[PDB]
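Participant: Pasting a structure here, questions to come.
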Amino acid sequence: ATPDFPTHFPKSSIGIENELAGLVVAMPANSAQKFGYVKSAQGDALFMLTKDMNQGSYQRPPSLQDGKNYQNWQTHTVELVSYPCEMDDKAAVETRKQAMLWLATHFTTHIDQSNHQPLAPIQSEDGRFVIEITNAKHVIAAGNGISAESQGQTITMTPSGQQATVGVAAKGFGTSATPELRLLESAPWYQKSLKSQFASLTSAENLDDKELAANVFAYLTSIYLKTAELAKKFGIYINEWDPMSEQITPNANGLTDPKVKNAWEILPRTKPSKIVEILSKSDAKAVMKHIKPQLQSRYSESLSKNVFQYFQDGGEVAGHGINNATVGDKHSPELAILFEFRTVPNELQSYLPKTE
Ligand SMILES: Nc1ncnc2c1ncn2[C@@H]1O[C@H](COP(=O)(O)OP(=O)(O)OP(=O)(O)O)[C@@H](O)[C@H]1O
Ligand SMILES: [Mg+2]
Ligand SMILES: [Mg+2]
C-alpha cells in the first residue's frame with residue numbers, strides 16, 4: 001500500500017516529477033503505476049517509485065533464466081513522483097531532492113550487482129531514507145533492459161525529464177498576491193484583461209462578490225478560449241465537434257496528447273467546473289452566462305457550444321485531474337487548483353534535484 005498524496009496544505013503547495021535515465025522497470029502487463037515509495041526514517045513519505053513511458057515487452061535475458069514467469073511483462077522508464085509539500089517549506093523541498101539523489105546512487109549499485117532483480121526494501125547507509133516496496137512483482141534493469149549486463153551506467157536526472165506541479169487557492173488566481181500566483185498568471189493562455197472586461201459587462205448587476213466573480217470569469221474564459229484554440233490548431237475531437245467539418249486535419253490524438261499538453265506550457269490539472277463552487281449560485285450563473293459570447297465572438301457556433309458544454313459537464317483539460325486538493329484552514333478547507341509546468345522555469349529550478 002503506497003500512501004495517497006496528502007490533499008490539504010495551509011498555503012501554496014508543490015510536487016515534482018522526475019524521470020530517470022540509465023535504467024528501466026519491468027512489470028506484469030496492466031500493473032498499477034506505483035511499485036514503491038521512499039520515506040524519511042521519521043516516517044514522512046517523500047516520493048513514489050512509478051513506471052512511466054512504455055518501452056516495449058520485457059524479455060528475460062536467457063543467461064538470467066530463473067524458472068520464474070515473466071509472461072506478458074512490459075518495460076517502462078522509472079519516474080520519481082514527490083508527495084507534495086508546502087512551497088515555502090525549505091527542509092521538505094531539500095529532503096525530497098536529497099532522497100531522490102540518494103535513490104539514483106542506490107539504483108547505480110543495484111544495476112551493477114543485482115541487474116534484472118526487484119529493488120529490496122532497505123534503509124539508506126546514513127539512516128536518513130527508507131525504501132518501501134508495494135509491488136514486489138517487478139525487476140530493475142540497466143539501460144533498456146535487453147542485455148543481462150549493464151554498460152556501467154550512472155543513474156541520472158535531467159531538466160527534460162522533469163516537471164513541477166504547483167497548487168494554489170482557487171480564489172487567489174488573478175489576485176497577483178504572491179510570487180507563485182504571479183508566475184501562474186504569466187501563463188500565455190491566461191488573459192488578465194478579461195477581469196476588467198467582466199466588470200464592464202456586469203455594472204447593473206448586484207454581485208455577491210464581484211471581484212471573485214471577475215477572477216473566476218477570467219480564469220474559466222482563458223481556459224475555454226485556449227481549449228478552442230488548441231482544438232482548431234491540432235484538429236481535436238471535443239464532445240460532438242468534428243475538426244474535419246471545418247476542414248481541419250487532425251494532428252494530435254486528443255487533449256492528452258503530449259504535444260497538446262506542451263502547448264499549454266503551464267497546464268491546468270484541476271477540473272475547470274470545480275471553481276464554480278467558490279462562488280454563490282447567483283454569481284456562478286452570471287459568470288457562466290457571460291462565457292458563451294466570448295467563445296462565439298472568436299470561434300464557430302459548433303466549436304463554442306461544444307467547448308462550453310464539455311467543461312460544463314465536468315470535462316477535464318487533459319485527462320484525470322487533481323480535484324480533491326484543498327488550501328487554508330483544515331477545518332473549513334478551500335478549493336486548491338493545480339498547474340503543471342511542462343518545462344521547469346528558472347523560478348522553480350531550486351525545487352528539482354540535479355545529478356552531481
Ligand atoms: N496538492 C498538491 N499540490 C501540489 N502538487 C501536487 C498536489 N497533489 C499532487 N501534486 C503533484 O502532482 C503530480 C502528480 O499528478 P498526478 O497524480 O495527477 O499524476 P498523473 O495522473 O499521472 O498525471 P497526468 O494526468 O498528467 O498524466 C506530482 O508532481 C505530485 O507531487
Ligand atoms: Mg506522474
Ligand atoms: Mg508530467
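In the C-alpha cells, chains take the letters A, B, ... in the order shown, each chain's residues start at 1, and ligands count up from 1 in the order shown.
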Please identify all protein, DNA and RNA residues within 10 Å of ligand 3, counting only C-alpha atoms and all ligand atoms, and report them as a PyMOL selection string.
Facilitator: chain A and resi 16-19+52+79+81+161-165+258+261-262+267+340-343
Participant: Set the cut-off to 7 Å, count only C-alpha atoms and all ligand atoms, and list whatever residues fall near ligand 1 as a PyMOL selection string.
Facilitator: chain A and resi 5-9+13-17+81-85+163-167+318-322+325-326+338
Participant: Which residue is closest to residue 26 (chain A)? Choose from A:137, A:305, A:39, A:285 and count only C-alpha atoms.
Facilitator: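 Answer, going by the shortest atom-to-atom distance: A:137.
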Participant: Please indicate the distance in Å from CA of residue 51 (chain A) to CA of residue 73 (chain A), rounded to one decimal place.
Facilitator: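 Going from CA of residue 51 (chain A) over to CA of residue 73 (chain A) covers 12.4 Å.
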Participant: For ligand 2, which residue among A:30, A:78, A:68, A:333 is the nearest when counting only C-alpha atoms and all ligand atoms?
Facilitator: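 Using only C-alpha atoms and all ligand atoms, ligand 2 sits closest to A:78.
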Participant: Choose the residue, out of A:20, A:1, A:32, A:99, that has the smallest atom-to-atom separation from residue 46 (chain A); count only C-alpha atoms.
Facilitator: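 Ranked by minimum distance to residue 46 (chain A), first place goes to A:99.
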Participant: What's around residue 279 (chain A) at 9 Å? Count only C-alpha atoms, leave out sequence neighbours fewer than 3 positions away in its own chain, and write the answer as a list in words.
Facilitator: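 The contact residues come out as residues 208, 209, 212, 213, 216, 275, 276, 282, 283 and 284 of chain A.
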Participant: Output C-alpha atoms for every residue in the selection just made, as a short mmCIF file (atom, residue, chain, number, x, y, z; two decimals), in the first residue's frame.
Facilitator:
data_model
loop_
_atom_site.label_atom_id
_atom_site.label_comp_id
_atom_site.auth_asym_id
_atom_site.auth_seq_id
_atom_site.Cartn_x
_atom_site.Cartn_y
_atom_site.Cartn_z
CA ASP A 208 -22.35 38.82 -4.14
CA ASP A 209 -18.58 39.05 -4.73
CA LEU A 212 -14.15 36.93 -7.03
CA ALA A 213 -16.66 36.61 -9.94
CA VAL A 216 -13.34 33.17 -11.91
CA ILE A 275 -14.05 26.57 -9.50
CA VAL A 276 -17.81 27.44 -9.79
CA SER A 282 -26.25 33.55 -8.34
CA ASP A 283 -22.64 34.78 -9.07
CA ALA A 284 -21.76 31.43 -10.77
#
Participant: Pick from A:345, A:353, A:293, A:3: nearest to residue 186 (chain A), with only C-alpha atoms counted?
Facilitator: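 Distance minimum relative to residue 186 (chain A) lands on A:345.
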Participant: What parts of region 252-305 of chain A does DSSP call alpha helix (DSSP H)? I'd like the answer as a count of residues only.
Facilitator: 28
Participant: Nearest to residue 236 (chain A): which of A:29, A:266, A:218, A:255 is it, counting only C-alpha atoms?
Facilitator: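 Ranking A:29, A:266, A:218, A:255 by distance to residue 236 (chain A), first place goes to A:255.
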Participant: Find the residue from A:307, A:170, A:181, A:238 that sits nearest to residue 278 (chain A); use only C-alpha atoms when measuring.
Facilitator: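 When distances to residue 278 (chain A) are compared using only C-alpha atoms, the smallest one comes from A:170.
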